[PDB]
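Chemist: Let me give you the structure first, and then I'll get to my questions.
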Amino acid sequence: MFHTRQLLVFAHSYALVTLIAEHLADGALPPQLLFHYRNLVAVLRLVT
Amino acid sequence: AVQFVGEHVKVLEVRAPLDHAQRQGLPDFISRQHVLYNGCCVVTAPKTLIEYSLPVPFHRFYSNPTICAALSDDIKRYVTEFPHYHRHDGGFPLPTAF
Amino acid sequence: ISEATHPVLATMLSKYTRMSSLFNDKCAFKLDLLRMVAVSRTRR
Amino acid sequence: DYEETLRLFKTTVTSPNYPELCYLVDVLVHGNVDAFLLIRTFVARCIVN
């Protein structure tokens, strides 16, 4: 969904944003989407 | 290129006096710096080198807990226990020997 | 990995069985084997 | 022509996809000069790649 579109799956429920940012730290992914999800939860921990 | 490898990771303490023009204020004070002899400035968490990784957040410029937690589980439970150290500006604790 | 399959291993194992001390750090001796293999195969 | 230089420097130090070889070869050369002369042809392809 990053190839054919510029959208973001699981960008609509908090409980999977945290699981994407936490349980995908092993790898198996380009680091850019992990950077995006880490920045979104950093915006959350900034607005708190 | 294995013939010119380094020995091991070594953190040091540069105990330093000052010049005679500036030690007029408390001349019996000595400053002690802290350096790394082996290693380099690291920015990205190595996903493949996690087992050999000994993270050393020894300096305030290089103690970012956002990536230093993913290198040792003690630091990871340290940062998910304590919420006030997410901000990388300061307040994340330094090792008390340094 | 045997002595009959490599000339450099059979060459340096006389050196390794010559010295009797410090056998507990096997990785140090294996790293020295790696670095003598690396210096043995240079091009200049 | 220095703004492109700092632009590339910032985008490569803030990059999430930095190659993780660089720490091992940095501690492998250990700041020695004659160790780099053998990596004089190893770096010349990896930089362009």
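Chain lettering (A, B, ...) mirrors the order of the structure tokens, residue numbering begins at 1 for each chain separately, and ligand numbering begins at 1 in order of display.
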Please find the residues of chain A near chain B - the criterion being any atom within 12 Å, counting only C-alpha atoms - and write them as an MDAnalysis selection string.
Modeler: chainID A and resid 21:32 34:35 38:39 41:48
Chemist: I'd like the contact shell of residue 59 in chain B - 10 Å cut-off, only C-alpha atoms, skipping same-chain residues fewer than 4 positions apart - returned as a ChimeraX atom specification.
Modeler: /B:33-36,63-64,94-95,98
Chemist: Restrict the distance test to only C-alpha atoms, flag each residue of chain D within 10 Å of chain A, and return the flagged residues as number ranges by chain.
Modeler: D: 15-18
